[PDB]
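Student: coords below, sequence missing:
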Ligand SMILES: Nc1ncnc2c1ncn2[C@@H]1O[C@H](CSCC[C@H](N)C(=O)O)[C@@H](O)[C@H]1O
Ligand SMILES: NC[C@H](O)c1ccc(O)cc1
């Protein structure tokens, strides 16, 4: 955990959202795959409501590109101040903000509604009402009197739980904790690394729990979810770059049981 005090937003973005992993031209890449899972899930029209919360957003927003057109009140979160400040720079279009345009363009491409990427980013920025601190290790991850509308109609969490858990049990509890934020019958979109044990973020070296698809499924079930969809992307050699040892990426569409 204290290892996250050395976490460098720019280094994390560089490692994971800049070429090669950040080049979206090849459909077989991890970027396009993640956006497709998100887009396809929301296109079903079955994941809807008013409020949504992004768990452990870090300094990234790609994970809300397709989502933002389905929820008018969006809450982004992260444990680190530096990350909340990094997000702020993009949301407020401040100087030095990260360039997500490639991802916006591709979310527009995939969605196929003829929408220009600027309108997309406009909508995301418009619907993100607040960026809050969060600790998934606490029974109440957002705290006591959080400005976030609870319970949420839906939750999105990408590369967080597994990335902040040393073992499987921590992972399960973390899932339990965030699940309390979700209204019954609500929906969870979980994206995470498969069989990864570490990843770098500048001077920071994060040690994480290598999980499998079955282990992830079993966790969702234990937390009281119905798994609507669980998919795996196997990481191509070309995208294995020594910023980590991830073998694949999973996407889970879980619905909290009423
Ligand atoms: N105890 C905790 N609770 C919630 N988030 C935590 C946490 N400890 C670290 N984090 C955050 O977990 C994030 C993992 S990086 C994930 C970034 C983004 N969601 C993605 O799709 O790439 C980091 O920003 C880190 O600050
Ligand atoms: N914990 C984040 C993990 O290292 C990761 C993040 C993003 C990727 O595309 C691949 C792997």
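Tutor: Everything's here; your move. Numbering: from 1, shown residues only. Ligands and ions are numbered 1, 2, ... in the order given.

Student: the strands in the chain, which residues?
Tutor: 51-55, 73-77, 128-132, 152-158, 182-194, 198-201, 204-207, 225-234, 248-256 (DSSP state E).

Student: just send these back as JSON lines, with mean neighbour count and distance to ligand 2 too.
Tutor: C-beta: built from backbone N, CA, C; applies to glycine. Converted to JSON lines, the strands of the chain look like this (neighbours: other C-beta atoms under 10 Å; distance: least, C-beta to the nearest ligand atom, whole Å):
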{"stretch": "strand 51-55", "mean neighbour count": "27", "distance to ligand 2": "13"}
{"stretch": "strand 73-77", "mean neighbour count": "25", "distance to ligand 2": "16"}
{"stretch": "strand 128-132", "mean neighbour count": "18", "distance to ligand 2": "20"}
{"stretch": "strand 152-158", "mean neighbour count": "24", "distance to ligand 2": "8"}
{"stretch": "strand 182-194", "mean neighbour count": "21", "distance to ligand 2": "4"}
{"stretch": "strand 198-201", "mean neighbour count": "18", "distance to ligand 2": "3"}
{"stretch": "strand 204-207", "mean neighbour count": "14", "distance to ligand 2": "7"}
{"stretch": "strand 225-234", "mean neighbour count": "16", "distance to ligand 2": "9"}
{"stretch": "strand 248-256", "mean neighbour count": "22", "distance to ligand 2": "6"}
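
Student: of all those, which one is nearest ligand 1?
Tutor: strand 152-158 (3.2 Å; C-beta to the nearest ligand atom).

Student: residues contacting the closest residue to residue 193 other than its chain neighbours?
Tutor: Excluding its sequence neighbours, the residue lying closest to residue 193 (C-beta to C-beta, 6 or more residues apart in numbering) is residue 246, at 4.5 Å. Residues in contact with residue 246 (C-beta atoms under 8 Å, 6 or more residues apart in numbering) are 193-196, 199, 235, 240.

Student: let's see that with 6 Å instead.
Tutor: Going by C-beta atoms under 6 Å, 6 or more residues apart in numbering, residue 246 touches 193, 196, 235.

Student: can you check residue 182 too?
Tutor: 152, 155, 256.

Student: filter these down to the ones close to ligand 1.
Tutor: Among the contacts of residue 182, none lies close to ligand 1 by the criterion of C-beta under 6 Å from any ligand atom.

Student: quick one: which of the residues you listed is nearest residue 106?
Tutor: residue 155 (23.3 Å; C-beta to C-beta).
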